[PDB]
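This report refers to the structure that appears directly beneath it.
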Amino acid sequence: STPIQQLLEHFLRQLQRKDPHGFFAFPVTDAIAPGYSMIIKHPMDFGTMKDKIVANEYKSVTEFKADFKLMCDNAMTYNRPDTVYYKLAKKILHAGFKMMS
Ligand SMILES: C/C=C/Cn1cc(-c2cccc(C(=O)N(C)C)c2)c2cc[nH]c2c1=O
């Protein structure tokens with residue numbers, strides 16, 4: 001609806017294209033990642049970001065960028081550097097921030 005919502009939906013679509021496996025698509029469960037909720041205090045994922053856009057909870061691109069960075073930082077905190085997850089998070093973090101200027 002609103003201009004910011006339209007822009008953030010556009011950014012979100014482009015970011016999700018960089019995650020074809022959808023590792024970032026939904027909240028990480030402790031079943032898939034043992035101990036996750038005990039290690040990551042502020043979980044974030046593309047699905048939650050979509051819900052926040054729809055609810056009109058972002059009022060600036062800066063806020064959206066902060067949630068995107070949080071999501072990537074979480075993946076680089078929980079996962080070791082040699083994992084596909086860590087490597088994807090670092091790659092998408094830089095590409096996403098460039099893509100968003
Ligand atoms: C780039 C990752 C972002 C978030 N994330 C997602 C998964 C995840 C989620 C859903 C499915 C799978 C998967 O395909 N597995 C576990 C085989 C992984 C996972 C598993 C261990 N750590 C993580 C993780 O940090």
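Both backbone and side-chain heavy atoms feed into the values below; hydrogens, waters and symmetry mates do not. Order of listing sets the numbers, starting from 1, for every ligand and every atom in it. The chain is numbered in sequence order, starting from 1.
Taking each heavy atom of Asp30 and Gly35 in turn, the nearest pair found is OD1-C, 4.3 Å.
With sequence neighbours left out, the salt bridge (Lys or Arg N to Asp or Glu O under 4.0 Å) criterion links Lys52 to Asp67. Taking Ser1 as the reference, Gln5 meet the side-chain contact (heavy atoms from CB on, under 4.5 Å) condition, with sequence neighbours excluded. Every residue two or more places apart in sequence or in another chain was checked for a side-chain contact (heavy atoms from CB on, under 4.5 Å) with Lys87, and none qualifies.
A distance-only check finds no donor-acceptor pair linking the side chain of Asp45 to the backbone of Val28 [under 3.5 Å].
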Dump the pairs for me: ligand 1 N or O, protein N or O, distance under 3.5 Å, to 0.1 Å.
{"from": "ligand 1", "atom 1": "15 (N)", "to": "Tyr85", "atom 2": "OH", "distance (Å)": "3.4"}
{"from": "ligand 1", "atom 1": "22 (N)", "to": "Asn79", "atom 2": "OD1", "distance (Å)": "2.9"}
{"from": "ligand 1", "atom 1": "25 (O)", "to": "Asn79", "atom 2": "ND2", "distance (Å)": "2.9"}

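Within a 6.0 Å radius of CZ in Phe97, more than 12 heavy atoms belonging to other residues, nucleotides or ligands are found.
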